[PDB]
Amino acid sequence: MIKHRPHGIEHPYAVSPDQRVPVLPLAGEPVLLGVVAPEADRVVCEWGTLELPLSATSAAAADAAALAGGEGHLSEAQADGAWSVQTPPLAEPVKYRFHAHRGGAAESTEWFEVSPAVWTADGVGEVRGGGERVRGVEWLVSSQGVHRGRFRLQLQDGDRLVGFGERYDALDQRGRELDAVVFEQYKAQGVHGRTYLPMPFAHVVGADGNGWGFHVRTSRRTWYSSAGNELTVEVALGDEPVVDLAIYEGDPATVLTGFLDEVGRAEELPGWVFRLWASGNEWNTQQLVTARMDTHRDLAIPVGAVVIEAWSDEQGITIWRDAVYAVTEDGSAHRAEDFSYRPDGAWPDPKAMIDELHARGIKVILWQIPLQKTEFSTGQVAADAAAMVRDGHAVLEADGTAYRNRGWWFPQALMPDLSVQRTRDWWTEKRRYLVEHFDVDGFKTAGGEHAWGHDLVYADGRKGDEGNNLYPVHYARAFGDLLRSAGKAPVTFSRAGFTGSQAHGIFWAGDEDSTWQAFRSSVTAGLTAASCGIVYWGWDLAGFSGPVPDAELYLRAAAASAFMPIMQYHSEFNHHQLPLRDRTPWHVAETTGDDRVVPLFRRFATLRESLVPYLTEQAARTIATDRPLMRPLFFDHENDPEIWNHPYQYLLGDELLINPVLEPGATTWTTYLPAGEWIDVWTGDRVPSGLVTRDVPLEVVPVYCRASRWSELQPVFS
């Protein structure tokens, strides 16, 4: 047997051994041809009129690590039935196929074709809307059609580029190469410069004149680079060679208003989301969740929400673990009364647990994935999978078969097609009893990045090249709507999204190690996301992955996060080994032996509770004025050049300036205070504008209040 798939697995940053590299060669480029034929003595390619012998070797891989989820998931530095050959350069369309044989038994692949492409300024295609800001329009064309547009936006000296969704490497992207595509990068997002939540939108800000911004209106992939005075924008295309480009003019907030008016905006969430969120993945039973929350109560560390990740049967992920019930063969949803819960099960009485948590004022959030596992051939999970295919609730391959997940996380799983209302209904209907009976307050909607390939088909008419980036938006929206339909606020908690995600729930920065570098990246992620209109945002403070963080990093992160839109701690699945990897304050104290951790965390959490009315009012202003909640200084201060030397500072709402302590061992910290009158919130003293240095013991993160509103904020800090 011999396999060749010209596009391959379509990992957006990687190639697979069965494919053509590159998929679309420029004219003059050679192409590398991979093929997988596990048992073959010899493999040849019939390439045009030539015959090209294949060596046994693969492309390549550092890409196989990538296909396994990247370095965070896999090493195994090394350790495949793969063959490859490099062709002559491509001067024209070539038809090719492959011939292989094992010891005198031969096979032939189907014919394939590849047409070389060239960049040209000549064409019927147009870039609409950029006015005189756009120069150098070119199109990437082949005998097949127009594949991509490209053009340049004029920049002025002093201009910064801030935007592009949620970014972990830098606030200002000028001088860098980046793209916008939804991808799950497992940790080290800043290092790779990738993101779960890209947007083809940015602020152009800081030149003497008034600033502006742009939105490429596409859900297809886009690429960006800036050198000298130009920003280069490359746009993947569908059948129509048109790029529609929106330009917004004004101060940064007004620029944002134009964008959000077009693509959507946050609505006001209940004030309780501003309290502390407690989480960890290994709280997998009723006993564990109640024990952890009891410890919160007993240590007097206030918590407003608890996330339960492994709550479920781990199959369909819509039923409590150990619940007993009659499987519905037709794949229909269950009523609450379908279920009974055994005394010895993982969750003997989940309603009583939730009622008690509610009585203490703690909200409850359940984990979700937009995936139906196929690895089980029996039970409810299998009945629902069959129902998805039968009734058309599954995202489809070009050939009409159901898409099977190509990623490393739950491979082969189906994706519910959330692009249309009927399937959004069907999928969330299975979760309805959780909200209506069990009174669950939210969903942590994890994942959403799983759709790979350009020719996938969605029921809304879109193909995968357009629709795959949109999928996480549909995903958050679906569960938001479930909550609304039960009369509850649309609180979804999501890592992934795209243009339009602004209007659905809450977002967290995703998976990271516990390191100062990850801490710094996360701040940048919140700042850039806010610049694009993502209002309720948080991260896993001091990281959820690997060994428990040291006291210093933990407390630095906790202090800063108390000043961020969403304060949450979290911990990754450890295989239930001992010792625990919990990120709870008391387990961190236990692990480090540091007796400052619990009392100082308590103070931060206690101050946090006092900040809820302020955060609530500021959130409402953010939603009304589009001036961000976690606010880079260029929004109010844009003509001040000095602000760009302190990219990790921000305004929390109008009145408070925050300066996270981002390095280990720091006994002092310097803050740049822009034009205005300031007050150190810890001493209540007046402070002048400009650079200000103060001591930073662990109980302090630098915070300053506008003098005129300090009367309102003073009780919070007393």
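Numbers follow the displayed sequence, beginning with 1.
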(message) Missing residues between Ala79 and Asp80 in the deposited sequence, please: none, 1 to 3, 4 to 9, or 10 or more.
(response) 4 to 9
(request) Could you check the entry and say whether 198 to 206 or 520 to 528 has the higher mean CA B-factor? (result) 198 to 206
(message) Using only C-alpha atoms and the B-factors in the entry, which stretch averages higher, 490 to 498 or 547 to 555?
(response) 547 to 555
(message) So if I compare the CA B-factors in the entry for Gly464, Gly211, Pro343, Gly258, which one is the largest?
(response) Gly211
(request) Would you mind checking which of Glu642, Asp460, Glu356, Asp455 has the top Cα temperature factor in the PDB entry? (result) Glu642
(message) Quick check for you: using the entry's CA B-factors within this chain, is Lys187 in the lowest, middle or highest third?
(response) middle
(request) Divide the modelled residues of the chain into thirds by Cα B-factor and specify which third, lowest, middle or highest, holds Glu397. (result) middle
(request) Comparing against every modelled residue in the chain, figure out the third that the C-alpha B-factor of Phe507 lands in (lowest, middle or highest). (result) lowest
(request) Tell me, lowest, middle or highest third: where does the Cα B factor of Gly264 rank within its chain? (result) middle
(request) Please rank the C-alpha B-factors of the chain's modelled residues and tell me whether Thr625 sits in the lowest, middle or highest third. (result) middle
